[PDB]
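Next comes just one chain, in C-alpha cells: the form deposited in one PDB entry.
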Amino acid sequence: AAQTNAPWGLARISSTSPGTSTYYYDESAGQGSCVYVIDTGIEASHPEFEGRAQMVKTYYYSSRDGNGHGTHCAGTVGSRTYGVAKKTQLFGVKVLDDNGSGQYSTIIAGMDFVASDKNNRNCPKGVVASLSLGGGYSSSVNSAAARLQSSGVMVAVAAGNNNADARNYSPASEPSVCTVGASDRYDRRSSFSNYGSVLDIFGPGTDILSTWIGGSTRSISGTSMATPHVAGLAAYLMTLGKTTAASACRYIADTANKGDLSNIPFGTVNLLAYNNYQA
C-alpha cells in the first residue's frame, strides 16, 4: 500500500533515503495486534482513530486526554493518516495528568496494569506498549518496564530530551526494553535527543504531524514522537509474523538503516527504524 503526501516520518520509516513523502507498507497494517499508549490519555473519539482506540485505565478523575500529548503519540502509532500501524487496536492508560506530569508510583502501577490487562484483550498478533515519558534514574521504574517486557509485551520507551546520556533516566536506561532516540527529516540526530549505549534505535522525532485533542492535528517534536514510530513498527512487523514481542527490538535493529544519521556520538548506535517493505 502507498499513502501519498504522508508525514515525513512515515515516509522515512519505509525508505532507504530521506527526502521522500510517500509511506509504503503491507496492507495487513498491524491488524490483530494491540498497542498500549501509557501517557496522558487518548481522545478516542477523534475521527482519525476510526473506532480502534479506547481508554482502558486512568488514575485520575477522567480518562480523557486534557493535554494532547498522549493523543499525538497514539496517532503516530495507529491513526489512519498519521500512524505507522493503521489497523492496530489502541488502548490508552492515563498515568500522566493533564499537565503531562505523573508520579513514578502511578507510572509503575500502569505498567503492571498493562502486563495483566493484555490477558483481557484480543491481540492474536501480539502486544506492544509505548512509553513516551520518563524522569531521573529509578531502579523501581526500570524493573517495572522489565517486568512488562518479560510478560510478553514489546516495550518501547523514549530516550529523553536532555541531549545527554540516557543512562541517567528511567525507563530509558532499562536494558531489556527498546530505548528510542529521535532524528530529523535530514537524518540528523534531533538537537534534544538523548544518546548513549542504552539506546537501541532512532526514529523520526523532529516536527512530527499527528492527532491532537479537539479533533485537531499539530506538529511537535521529541523523543516522545520517535517512540510511537517504533511501537507502531513493532506491531506492524508482529502482524506480518516477522518477529515477536520478545525479539522485535533486536529485529528492528537488525533490519534498520545503518550508518545514515549525523551527529551520533561515538558509542551510540547509528540505526534508523525501517520497515524493509518492498512494494
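So that there is no doubt, residue numbering starts at 1 and follows the sequence shown.
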Per the entry, where is the mean C-alpha temperature factor higher: 176-184 or 99-107? 99-107
Check the PDB entry and point out which of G92, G205, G83, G135 has the largest C-alpha temperature factor. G135
Taking the entry's C-alpha B-factors for this chain, is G66 in the lowest, middle or highest third? highest
Give the position of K118 by CA B-factor within its chain, expressed as the lowest, middle or highest third. middle
For the chain shown, is the CA B-factor of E27 in the lowest, middle or highest third of its modelled residues? highest
By the entry's values, the third containing the CA B factor of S247 is the highest
By the record's CA B-factor, is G41 among the lowest, middle or highest third of residues in the chain? middle
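Below, we turn to the form solved in complex with a small molecule, even though it does not appear here.
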The small molecule isn't shown here, but in the bound PDB entry which of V93, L133, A129, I201 has a heavy atom within 4.5 Å of it? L133
With the partner omitted here, the residue among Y251, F49, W212, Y59 that in the bound PDB entry has a heavy atom within 4.5 Å of the small molecule is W212
So, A158 and the small molecule: in the bound PDB entry, are they within 4.5 Å at any heavy atom pair? yes
Test of understanding: in the bound PDB entry, would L240 fall inside 4.5 Å of the small molecule by heavy atoms? no
Answer for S170 alone: is it within 4.5 Å of the small molecule in the bound PDB entry, judged on heavy atom distances? yes
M225: touches the small molecule in the bound PDB entry, heavy atom cutoff 4.5 angstroms: yes
